[PDB]
There are 2 protein chains.
Amino acid sequence: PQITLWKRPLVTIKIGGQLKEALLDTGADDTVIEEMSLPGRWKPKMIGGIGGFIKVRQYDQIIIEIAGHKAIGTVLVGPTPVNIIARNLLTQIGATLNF
Amino acid sequence: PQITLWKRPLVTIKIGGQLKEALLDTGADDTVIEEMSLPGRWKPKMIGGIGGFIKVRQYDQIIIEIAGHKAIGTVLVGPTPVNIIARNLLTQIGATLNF
Ligand SMILES: CC(C)CN(C[C@@H](O)[C@H](Cc1ccccc1)NC(=O)O[C@H]1CO[C@H]2OCC[C@H]21)S(=O)(=O)c1ccc(N)cc1
Ligand SMILES: [Cl-]
Ligand SMILES: [Cl-]
Ligand code: NA
């Protein structure tokens, strides 16, 4: 699809069996999702942006379906105010910025 | 251009005669740049990012060049980790997300 940016580029994602809304975010390095349980091992990480840092759990090799497209990669889980699909998974679905 | 996301989508901007690096950020509503002097009056604004809220200075109708495309619009000035070009100016230069 071609998504204009008049509004927030929100899409539906499926992760851990759950449906969620998420923002497509070229300004983010790693995908960050609101608190949920995921399978497998994790390790702690701090990630930072405007307003400072939050502590997250880093899970590797997690599958997410993004707007109908399957991608696999690292997912961070913690108290983010919005679900963010970042460049680590946007590359996998072939997403580009065009102007 | 067509910009892939394997690396940070950094571009050169020109504001007040000065070149700076900025990140093209579809996950941002308004454009935020590190402290610098801009002409005219400013209005208060709070913006909420990943780690909480911060106060910035809002300047309206600022001329900015972005990767060679001219935009004129609202620029926020405050303690951001990196200069971010958000959807309010990405729409002015005709940017879209594609996959
Ligand atoms: C500041 C950027 C360098 C990085 N951020 C991604 C960015 O797109 C966030 C994504 C975002 C979006 C909503 C809330 C929090 C974070 N947008 C943002 O902070 O925009 C602020 C300015 O315009 C406003 O509209 C959105 C909030 C304001 S970040 O959320 O802090 C972040 C940092 C590291 C990772 N791995 C994932 C995300
Ligand atoms: Cl990854
Ligand atoms: Cl103030
Ligand atoms: Na894992």
Side-chain angles (χ1 to χ4, degrees), chain A residues 1-11 13 21-34 45-56 65-71 73 76-99, chain B residues 1-11 13 21-34 45-56 65-71 73 76-99:
Chain A
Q2 172 171 103
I3 304 160
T4 55
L5 294 172
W6 286 122
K7 319 141 64 198
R8 285 189 185 197
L10 292 176
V11 293
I13 67 173
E21 139 208 274
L23 180 69
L24 301 182
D25 189 356
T26 59
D29 300 340
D30 282 330
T31 291
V32 192
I33 301 308
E34 58 205 354
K45 192 179 167 74
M46 297 270 286
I47 57 165
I50 281 173
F53 285 74
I54 63 170
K55 176 184 216 228
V56 299
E65 173 241 89
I66 306 163
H69 294 70
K70 290 259 218 189
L76 306 180
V77 174
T80 171
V82 170
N83 294 320
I84 298 171
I85 298 308
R87 293 193 296 102
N88 77 306
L89 299 180
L90 298 167
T91 58
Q92 298 299 287
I93 63 179
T96 57
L97 252 190
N98 288 72
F99 59 94
Chain B
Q2 187 154 268
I3 300 182
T4 54
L5 295 166
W6 302 99
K7 330 302 172 192
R8 288 196 177 210
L10 298 169
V11 301
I13 65 173
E21 122 220 339
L23 185 55
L24 303 179
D25 186 359
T26 60
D29 298 348
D30 217 282
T31 287
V32 186
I33 65 173
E34 287 152 1
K45 187 143 183 219
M46 295 276 303
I47 57 170
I50 199 151
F53 279 75
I54 68 163
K55 182 31 123 261
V56 301
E65 159 246 303
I66 303 159
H69 296 268
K70 179 227 228 71
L76 310 174
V77 179
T80 170
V82 302
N83 296 318
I84 56 183
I85 304 301
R87 298 189 293 102
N88 72 303
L89 304 181
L90 292 168
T91 52
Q92 294 199 19
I93 63 181
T96 60
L97 265 182
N98 292 266
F99 65 91

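Labels below follow one simple rule: chain letters A, B, ... track the order of the sequence lines, proteins then strands, and each chain is numbered from 1.
With a 6.0 Å radius and a threshold of 12 heavy atoms from other residues, nucleotides or ligands, A:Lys70 has its NZ atom at or below the threshold.
Contact count versus chain B (heavy atoms, under 4.5 Å) is highest, among A:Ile93, A:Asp29, A:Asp25, for A:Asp25. Highest contact tally toward chain A, considering only B:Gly78, B:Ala67, B:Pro81, B:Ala28, is held by B:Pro81 [criterion: heavy-atom pairs under 4.5 Å]. Ranked by non-hydrogen atom pairs under 4.5 Å with chain B, the options A:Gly51, A:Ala95, A:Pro1 are led by A:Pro1. Among B:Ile85, B:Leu24, B:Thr4, the residue making the largest number of heavy-atom pairs under 4.5 Å with chain A is B:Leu24.
When all heavy atoms are compared, the tightest approach of B:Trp6 to A:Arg87 is O-NH1, 3.4 Å.
Using a 4.5 Å cut-off between heavy atoms, A:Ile54 touches chain B through its side chain atoms alone. In this structure, no portion of A:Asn88 lies under 4.5 Å from any heavy atom of chain B. Residue contact with chain A, scored on non-hydrogen atoms closer than 4.5 Å, is absent for B:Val82.
B:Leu5 contributes atom CG, which lies 11.5 Å from atom CG of A:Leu89 (distance to the nearest 0.5 angstrom). In this structure, the separation between OG1 on B:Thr26 and CG on A:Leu90 is 7.0 Å, given to the nearest 0.5 Å. The line from OG1 of A:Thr96 to CD1 of B:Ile3 is 9.0 Å long, rounded to the nearest 0.5 Å.
In summary, of the residues considered (B:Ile84, B:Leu76, B:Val56, B:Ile50), a side chain to side chain contact (heavy atoms under 4.5 Å, CB included) with A:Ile50 occurs for B:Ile84 alone.
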